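Structure, as structure tokens:
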Ligand SMILES: Nc1ncnc2c1ncn2[C@@H]1O[C@H](COP(=O)(O)OP(=O)(O)OP(=O)(O)O)[C@@H](O)[C@H]1O
Ligand SMILES: [Mg+2]
């Protein structure tokens, strides 16, 4: 009964673990009990130095790389020599100020040391194993839980836990159960023993996606680590966000499992009750890298008090130890100074005192024997116990409990759950691909039916374009590879599974979509374009199409797994797409690919597959010639030696134009075998699948290096408020949200007020509606429906309210790059009243910097959590960013003091009390406040599970009023030495495994205190005494400057965009270097312009994820706070992205226009200086337009994948109805509508016109067709009748009679007009194109308001 984990009425973790120990001790031969500790000598770590740390940026990256090479061909020492031994079954607790080396120590002992590197002197021993042998075989018996709560935002809690449970279900589990049931039950127990059972089906969420609360997210990570069952745990920062009851229960769970299962655990906790601290066996203290004390937990005070300090009567032991490391709170023994004995004050001298202290001697006496202890039996049990723990067929020398294919199965189920969550994008993929099949099939339907020479070109074009559209679609899979990277790194550290298992699982998860897409697209396309013979001919094409799809998908995944970000991937991706575009053998045939760059043909899968497809679609099938050179009624009695078939490879004077001869000529595919393409294609598919798996596992990573300070080069190289009268009050506030089709009410009749000249706490268990209440009050709720009335002075809050409060998120939402002082300055400029000059605002910002003690890092770079700024620094920045705003009605504080050292907690509480004394009304939420913090609070609002008020009234001088209230209505007396803040939560039963004697919500509702507060509120309802601060243009200026500094100082995006343009356009231009002006040369000069636009997809998609990131950050904190309106945000995006695109187009001009030879045509025609300028303008316009389209598509999409797909689909529609794809003369139906409206039409017509217009052609011998004219007549007289209707010329020999060679076209204007391209049209095209850009930005600005703005 007490161990059925879904039975919340009775479940008791201790019972479950004791029972499982009784079961696992029953047959030690089968369960193989074992033990694991450690012991370390002279542990020292060192890392980078300020001489090399800088804020990388576009200008400095080249020099930075050069100096990095020099560095490879004064390192900051972080952990100065340490020691200690940790016997199995004994907890260890690490204490120190934030920045003192705690997490680095934990990472060091658990052989998880990415980033820094240990000293050569260090010596670690996991009871016989060296550090490396843990990585090589047993990584999994030593688990480090980083402070960062990293999860997939959308995967619910139960799925998150059950996946790892599955992955860790041992063999030799209870010898009566199957794998699935055991995994499910293990997940249920793990999530019931940590109070997570009511979040069974809620999104784990993240700092942006609203899901489980921060404390619940931390507990999800704790439970995930717990399910593992490792015998050595290191908890980086366990109690960040946990209340003072759940934290105690977590520590008790560790103690229980340690004393029952010989587990060891080293937990670095920053605030811990006196009773919680009593549970630990060994204590470690750190100060700026030095080890001050290591030994029994209970002797800590008895040892430090011997040094010369003294404990205040109401300071807990852990707070005392942390205090000794702070020069302010520390207190010296006045008597001992009188005696003349010195007392170490600086960390170095405390280390000197300790190393000389006897305690260090008895520490060494035991460390040495554990490090020198080798029995060849202790490590035998671990080996025997481990291999027995694995699946039947797993490799014994592997650190993963379950073999490969099982890992793939479970990760595949997880990825299928991800697909379920994102079903919208995949459904869009399928629908859009089908619709593009039906659209392209429509652009040819009525043409192919002719069966004459018309098929020899159009069917090939349609085939090539279907393949290239498949290529475009495959490029969208790069987006998937990046979401799960941090999570797979996390799981790698636990040795759950091979990363290649996750890669394989992603591939499999995507296969079904690709088969459905391929079969539908191919059946439709074939049914209305190609040969239409439903014999095996069709099925062969189906096979080759699917093989091409798979080959492209694997190639793109393999290249996209070479980088750290999507933007960096797009450089390989664009190069590869472009190569797979031109070099397939239809764009530019084999005989034509220049000798300079030939090798790309052979390495091209699509080239071989297209060769096979053409063999299929032309071998042994004949069509009749059309389009003879001399035609019309002017000729009769023609002769075989007197007419010519314009189709290349045609037999002379005969209609038997066999397809074999065709392909032999045009594409040189003269070989017989069609199966060649299939084999080499499948070889590519398999080989690159294996390369992708190797790349994602053996040489891939996304791990953070550490909280280093960046300090941009420009800096390092040179190195309250007045009164407000309005009260704030609310009543009956009730809030309900929808989960799994079953709504849950998370606030219930919460009523209370906060009025000026007061400082009102807000405590309650994690999972109570603290943050939910605050959001409901600050107008930040996004889902559900609130009821009841909030007010200000008895009037509903006006539109000016959201800016008049100051609300500090419990999550830290700031730019990666904007420095601290810069962030404060930005906020002060935009939010503080406009009547004060910038000088005053800047002075006040510096005053805040002084007040909050940030000066020694005011210029650092915010960076990412876990990567660029400590937790204490990040929280101080988060509250300063709002102090500087000068709020005028309230100041909320969601978590001003949670998860950071007790001394800094007290400092922030002193700041809060000062502000409240000055006049501000504060309402802060508090977790684990020591008794010395509770004495600063004036009122208290107390919440039960489910967001039910359980107290609201004064705390009193010594917390007397709340104590009296709770004891007055029935509750066990609070001990004199007990902390009131913790006794109160013990009574309410906030602990996951504990329940109260009665439901105190009813108690409160029935109390005279509740009637008192209700009467207060009713009276105060009888009370009686712009949206943004700055002008819209001003805030637009500021946000645009910030975003310019954001693209600057963010090299991965701009520098990648350049590299992409540079190399891509270089590749295009040189593929078509100086194409000439012949028929085949002119064809290349048309293709190059036509191929200039294929880059639309990758260059557009580089931008989308960056914009998604800025949009998430903006709408997370700065939209509800009304720092600057949405229109300002969009205008900043536009004004910042434009000029960079202009520069990109400028460079593309110079690296593209000249090599192809356009300048030669412009100069020969005598119009150089105009055509150069016009071509430059069109390049700039194209790049601006690509940016604009990227902005338009993303405006109304939550996900970049769907937006990118929409952009690619629109691009393909605009492109298929363009160029020579289908001659506009051949499409007189209504489908011309998209032709006239598409922008690629105007761009390409204008660009061909400028590039190749008004110059003469020079046919080469291989292109000159020839015929023998009628006897006696001369060629000129014989062709003049044709010429009057032909409006062409270039007859080779006018007066010859035996034979004359001819060219279909004489003036290039003829060829351009053939595609409806005109030189006189150039300017109107530019006007239309810029108008399209303008409309596109108008629609992009509109759709944001339509969709994202509430
Ligand atoms: N990889 C690194 N290279 C150089 N210095 C580092 C590195 N990581 C951290 N530091 C520096 O070492 C000091 C201590 O960092 P530490 O790893 O102890 O963070 P912490 O105190 O554990 O904070 P948290 O508990 O939030 O991780 C910091 O001042 C930081 O600048
Ligand atoms: Mg919260």
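The residue numbers of chain A are those assigned by Swiss-Prot, with the residues present covering 92-164, 171-816, 861-1166, 1178-1502 sequentially.
Cβ atoms are placed via backbone N, Cα and C, with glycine included.
Considering 101, 734, the record held by Swiss-Prot lists 734, annotated as N-linked glycosylation site. Checked against Swiss-Prot, the domain name for residue 664 differs from that for residue 1278, so they face opposite sides of the membrane.
Residue-level annotations in Swiss-Prot identify, among 359, 1447, 1447 as N-linked glycosylation site. When Cβ-Cβ distances under 8 Å to the transmembrane segment (612-628) are tallied for each of 518-542, 559-579, 666-685, 1325-1349, 1477-1499, the top count falls to 518-542. Proximity of the transmembrane segment (1355-1379) to the transmembrane segment (518-542) is established through 3 or more Cβ-Cβ distances under 8 Å for residue pairs spaced 6 or more apart. Long-range contacts of the topological domain 'Cytoplasmic' (580-611) within its own chain (CB-CB distance under 8 A, at least 6 residues past either end) are made by residues 209, 236-237, 240-241, 243, 247-249, 261, 264-265, 322, 325, 327, 496-497, 499, 501, 504-505, 507-509, 511-513, 515-516, 523, 526-527, 574, 643, 646-647, 650-651, 654, 658, 786, 789-791, 793-794, 797-800. Beyond the topological domain 'Extracellular' (543-558), the same-chain residues lying 6 or more positions past its ends with a Cβ under 8 Å from any Cβ of the stretch are 626-628, 683, 711, 714, 720-724, 742-744, 754, 759, 1373-1374, 1378-1379, 1381.
Every protein chain considered, the tally of other Cβ atoms within 10 Å of the Cβ of residue 1447 (N-linked glycosylation site) stands at 10. The 10 Å shell around the Cβ of residue 734 (N-linked glycosylation site) contains 6 further Cβ atoms across the protein chains shown. Here the topological domain 'Extracellular' (543-558) is broken down by DSSP into helix, strand and coil counts: 10 helix, 0 strand, 6 coil. Across the range of the topological domain 'Cytoplasmic' (1380-1388), the DSSP-based residue counts are 7 helix, 0 strand, 2 coil.
Spatially, the transmembrane segment (775-793) is adjacent to the transmembrane segment (632-650); three or more Cβ-Cβ distances between them are under 8 Å for residues at least 6 apart in sequence. Each end of the 44-residue unmodelled stretch has a Cα atom, at residue 816 and at residue 861, and these lie 30 Å apart. With 6 residues unmodelled in between, residue 164 and residue 171 have Cα atoms 15 angstrom apart.
Here the transmembrane segment (1389-1407) has long-range neighbours at 1229, 1234, 1237-1238, 1241-1242, 1244-1245, 1308, 1310, 1313-1314, 1316-1317, 1319, 1323, 1326-1327, 1330, 1333-1334, 1337, 1363, 1365-1367, 1369-1371, 1459-1461, 1463-1464, 1467-1471, 1473-1474, 1477-1478, 1480-1481, 1484, meaning same-chain residues at least 6 beyond its ends whose C-beta is under 8 angstroms from one of its own. Between residue 1166 and residue 1178, the deposited structure omits 11 residues, and the straight-line distance between their CA atoms comes to 19 Å. Per DSSP, the topological domain 'Extracellular' (1261-1291) is made up of 24 helix, 0 strand, 7 coil.
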